[PDB]
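Undergrad: Only the shape, not the letters, is given here:
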Ligand SMILES: N=C(N)NC[C@@H](O)CC(=O)C(=O)O
Ligand SMILES: N=C(N)NC[C@@H](O)CC(=O)C(=O)O
């Protein structure tokens, strides 16, 4: 019940629970907000397909996925969880069991379980050594589908630490062994413009390999758009028609006004190479790291500079549940890790997640209070 | 293929009379809301999410005159009525419930539940025409443990409100007596508001008092010209509320507080003008369609409720709705053939055509003139 813990924090003093964006608008993003009336009238007079096309083009240009634009088969929905429910309907129709990454944000588990998809965990550590990925998958993936989250939420882990080879090994395994490969790329924006970690064209690999796949992309966790957002799903050619028919039963269209607005955010971030996103996260990440260094919350350095920070509880008795209780009694709301080890929540009582997509002044105040609370125990 | 895919193609066309989504422009007071979008954005950044949920829900159920829903204060918000329907689908599957679903109805209601592997069986709308036959007809025909109605119905505009309170009271009596889950899609209910005889009564008072197990879905997207930046509402009976709450929270944490803030302005604006700016556009186009097609091969089917779609019967010896759709689209006018509204037996829909009325009157009048010109050739 992550969302329910995030519902409570949304009312609270220092909400560091949900990863939704709550930083304010940059100077140039304020120029988008100021033009919302113009963007409204544009969408009212133009064609729906125009705003879909321009959003999809801007998005995959920023993310440097040109193969996705050549194939031109991506479908848009209100949110990544909606795209996930479309994938869930496909998994249920094919009666497939899923091997799902663990840890991962629990709402992925919850939505798939709620559509009665069988779920079996595979630990993130199977991906740490590039030359062991394939034999580890051969041992441990004993279902017809494999569902990854890359970069991962909450750890920031990514196969991109291995260049192309990590993903190539996963795709090799799934092709060789007739596995459907599902990948949630919602955190992939945080790799962009990184000298070593910037995502390559994933769709070139997925298409060239001929693997059966479903790939989900997102805007909501990248930009401060107050959850007025859009997610994207792309399927391999062999299942595209089935998935298309499932998708059209859910919605006809995303708001062309929202799409028009989102396109401006994407273009704005192309212009500043995502600086207004990255700099806010870096300031809060550094503040958390320096504030909590040496405390019972042991910072877990992520592969990718994602919008959440992950900590191990380094104490002989206290759990993450204890830590969450103590911090919330003083008005600071974090998430216990239980909410991420969906197959075995007690494993998550060793970890805590904090959201970084926050105004830095509020975040710094929350960090000062957090260390003061922790220092009493 | 489904009606939504027909609507994707029509959305690329000038005379799109297919999707029921709102495509009329803004009223003068609605252009004021548009001018405040920057302030509505910054307000939602500074305020609490729960504040915008509460203010929206209050405005919505004040306009719809559903005070019981505000007392219970257990309604959950989602991106769209189909998303609320998928939450209902998750509950139906968890409880092994099959659904007796109204026919005709817009096909994605059938399709999305079928795509969730919910077993579905039709019940014809005519079961509800005679108030004193509703209960015995349901006893003889409903052989599932859930019953899913759409009221007012899409595409016919039919409503149990023709019977005052008694039609809904008989449906609820049946479902309570026989331990059935009652699901009701109220997305068209705004079109009853301020009607002297048809204005919806407080449905949640009846649902709560009866003790019936229920899921009730409400919508904004079909009412206001908000370019599908919208919100739907679902309310569950107390005995299933906790299960449904947990299902709902797996789908989304929150609707955009910016969108909620904006929608609240539209709801308040329509309270101030008694939905005049919505009703007048539909009236202008409904009357244009009726006058243009009177005596034509498209026979207007008068609805109980003045909903945002018009329903026509094909009155011709040989031509079907499929033929009419092809003939009109060949000349640039896109309507929906009735086939898919009869989701259990599409051949029954080959005698019907649906036209969307939530359109700019000038475009709609030009579409009607072109439609008449095509039909005048057969
Ligand atoms: N699959 C979906 N949700 N299609 C859009 C739906 O709004 C169309 C509709 O219901 C109508 O045109 O009356
Ligand atoms: N069931 C859903 N969709 N909850 C909201 C989700 O955005 C929260 C989340 O995934 C995170 O905070 O990382």
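TA: Perfect, I can see it now. Residues are numbered from 1 along each chain as shown, chains lettered A, B, ... in the order given. Ligands and ions are numbered 1, 2, ... in the order given.
Undergrad: from memory residue A:134 sits against residue A:169, does it?
TA: Yes. Between residue A:134 and residue A:169 there is a contact at 5.1 Å, judged by C-beta atoms under 8 Å. Placement of C-beta: from N, CA and C, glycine included.
Undergrad: More neighbours: which of those two?
TA: residue A:169 (21 against 16; other C-beta atoms under 10 Å in any protein chain shown).
Undergrad: didn't that one look like it was pressed against residue A:130?
TA: Yes. Contact criterion C-beta under 8 Å: residue A:169 and residue A:130 qualify, at 6.6 Å.
Undergrad: can you list residues touching both of these two?
TA: residue A:162 (C-beta atoms under 8 Å, 6 or more residues apart in numbering or on different chains).
Undergrad: Strands along chain A, start to end?
TA: Ranges of strands in chain A, per DSSP state E, are A:14-15, A:75-77, A:98-102, A:119-123, A:145-149, A:180-184, A:213-218, A:231-235, A:297-299, A:308-313, A:332-333, A:335-336, A:351-355.
Undergrad: I'd like these laid out as CSV, including distance to residue A:375.
TA: As requested, the strands of chain A are arranged in CSV below (distance: least, C-beta to C-beta, whole Å):
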stretch, distance to residue A:375
strand A:14-15, 17
strand A:75-77, 45
strand A:98-102, 32
strand A:119-123, 33
strand A:145-149, 34
strand A:180-184, 37
strand A:213-218, 37
strand A:231-235, 41
strand A:297-299, 11
strand A:308-313, 15
strand A:332-333, 13
strand A:335-336, 20
strand A:351-355, 16
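Undergrad: May I see the ones you listed arranged in TSV, with mean neighbour count as well?
TA: Shown next, in TSV, are the strands of chain A (neighbours: other C-beta atoms under 10 Å in any protein chain shown):
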stretch	mean neighbour count
strand A:14-15	22
strand A:75-77	23
strand A:98-102	23
strand A:119-123	18
strand A:145-149	24
strand A:180-184	25
strand A:213-218	24
strand A:231-235	25
strand A:297-299	21
strand A:308-313	23
strand A:332-333	24
strand A:335-336	26
strand A:351-355	27
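Undergrad: do you know which of those strands lies nearest residue A:364?
TA: strand A:14-15 (10.4 Å; C-beta to C-beta).
Undergrad: which one is residue A:366 nearest to, not counting chain neighbours?
TA: The shortest distance from residue A:366 to any non-neighbouring residue, by C-beta to C-beta, 6 or more residues apart in numbering or on different chains, is to residue A:14 (3.7 Å).
Undergrad: next one: residue A:243
TA: Nearest to residue A:243 is residue A:235, by C-beta to C-beta, 6+ apart, at 4.2 Å.
Undergrad: beta partners for the one you found?
TA: Per DSSP bridges, the residues bridged to residue A:235 are residue A:214.
Undergrad: And residue A:308, by the same measure?
TA: Beta-bridge partners, per DSSP bridges, of residue A:308: residue A:355.
Undergrad: And for the one 5 residues further on?
TA: When bridges are assigned using DSSP bridges, the partners listed for residue A:313 are residue A:297.
Undergrad: and it, what does it touch?
TA: A:296, A:297, A:298, A:319, A:320, A:323, A:349, A:350, A:351, A:352.
Undergrad: how near is the spatially closest residue to the first one that is not a sequence neighbour to residue A:321?
TA: When you say that, I think you mean residue A:296. Counting by C-beta to C-beta, 6+ apart, residue A:296 lies nearest to residue A:315, which is 4.6 Å off, once chain neighbours are set aside. Distance, residue A:315 to residue A:321, by C-beta to C-beta, to the nearest Å: 12 Å.
Undergrad: Also residue A:156?
TA: The spacing between residue A:156 and residue A:321, counted by C-beta to C-beta, is 23 Å.
Undergrad: So which of those two has more stuff around it?
TA: Neighbours of residue A:156 and residue A:321, each counted by other C-beta under 10 Å, are more numerous for residue A:156; the result is 21 against 17.
Undergrad: so how many other residues sit close to the nearest residue to the more buried one once chain neighbours are set aside?
TA: Closest residue to residue A:156 apart from its sequence neighbours, by C-beta to C-beta, 6+ apart: residue A:302 at 2.5 Å. Other residues within reach of residue A:302, judged by other C-beta under 10 Å, total 20.
Undergrad: before we move on, the earlier item: any chance of the strands of chain A in JSON lines, with distance to ligand 1 too?
TA: Formatted as JSON lines, those follow (distance: least, C-beta to the nearest ligand atom, whole Å):
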{"stretch": "strand A:14-15", "distance to ligand 1": "32"}
{"stretch": "strand A:75-77", "distance to ligand 1": "11"}
{"stretch": "strand A:98-102", "distance to ligand 1": "25"}
{"stretch": "strand A:119-123", "distance to ligand 1": "27"}
{"stretch": "strand A:145-149", "distance to ligand 1": "25"}
{"stretch": "strand A:180-184", "distance to ligand 1": "23"}
{"stretch": "strand A:213-218", "distance to ligand 1": "19"}
{"stretch": "strand A:231-235", "distance to ligand 1": "15"}
{"stretch": "strand A:297-299", "distance to ligand 1": "44"}
{"stretch": "strand A:308-313", "distance to ligand 1": "32"}
{"stretch": "strand A:332-333", "distance to ligand 1": "35"}
{"stretch": "strand A:335-336", "distance to ligand 1": "33"}
{"stretch": "strand A:351-355", "distance to ligand 1": "32"}
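Undergrad: so which of those strands comes closest to residue A:271?
TA: Short answer: strand A:213-218, nearest of these by C-beta to C-beta, at 20.3 Å.
Undergrad: The residue nearest to residue A:156 touches residue A:161, doesn't it?
TA: No. Using C-beta under 8 Å, residue A:302 makes no contact with residue A:161, being 10.2 Å away.
Undergrad: circling back: and which of the contacts of residue A:313 is nearest to chain B?
TA: Within those, distances to chain B taken as C-beta to the nearest C-beta reach their minimum at residue A:352, with 19.1 Å.
Undergrad: That closest one against residue A:297, yeah?
TA: Yes. The criterion here is C-beta under 8 Å, and residue A:352 meets it with residue A:297 at 6.1 Å.
Undergrad: what do the two both touch?
TA: What both residue A:352 and residue A:297 touch, as defined by C-beta under 8 Å, 6+ apart, is the set A:311, A:313, A:323.
Undergrad: okay, now the last one: neighbour count?
TA: Using other C-beta under 10 Å as the criterion, residue A:323 is surrounded by 26 other residues.
Undergrad: what residues are up against it?
TA: A:296, A:297, A:313, A:334, A:336, A:352, A:374.
Undergrad: gap between the third one and residue A:319?
TA: Read it as residue A:313. Counting by C-beta to C-beta - residue A:313 and residue A:319 are separated by 6 Å.
Undergrad: Now list whatever residues contact both of the two.
TA: A:349, A:350.
Undergrad: Pull the contacting residues for the residue nearest to residue A:156.
TA: If you count contacts by C-beta under 8 Å, 6+ apart, then residue A:302 has A:151, A:155, A:156, A:157, A:309, A:310 around it.
Undergrad: Specify which member of the contacts of residue A:323 is nearest to residue A:198.
TA: residue A:352 (29.1 Å).
Undergrad: could you list every residue that touches the closest one?
TA: A:297, A:310, A:311, A:313, A:320, A:323, A:324, A:334, A:335, A:336, A:337.
Undergrad: returning to that earlier point: out of the shared contacts of residue A:352 and residue A:297, flag the one nearest to ligand 2.
TA: Proximity of these to ligand 2 (C-beta to the nearest ligand atom) peaks at residue A:311, which lies at 15.4 Å.
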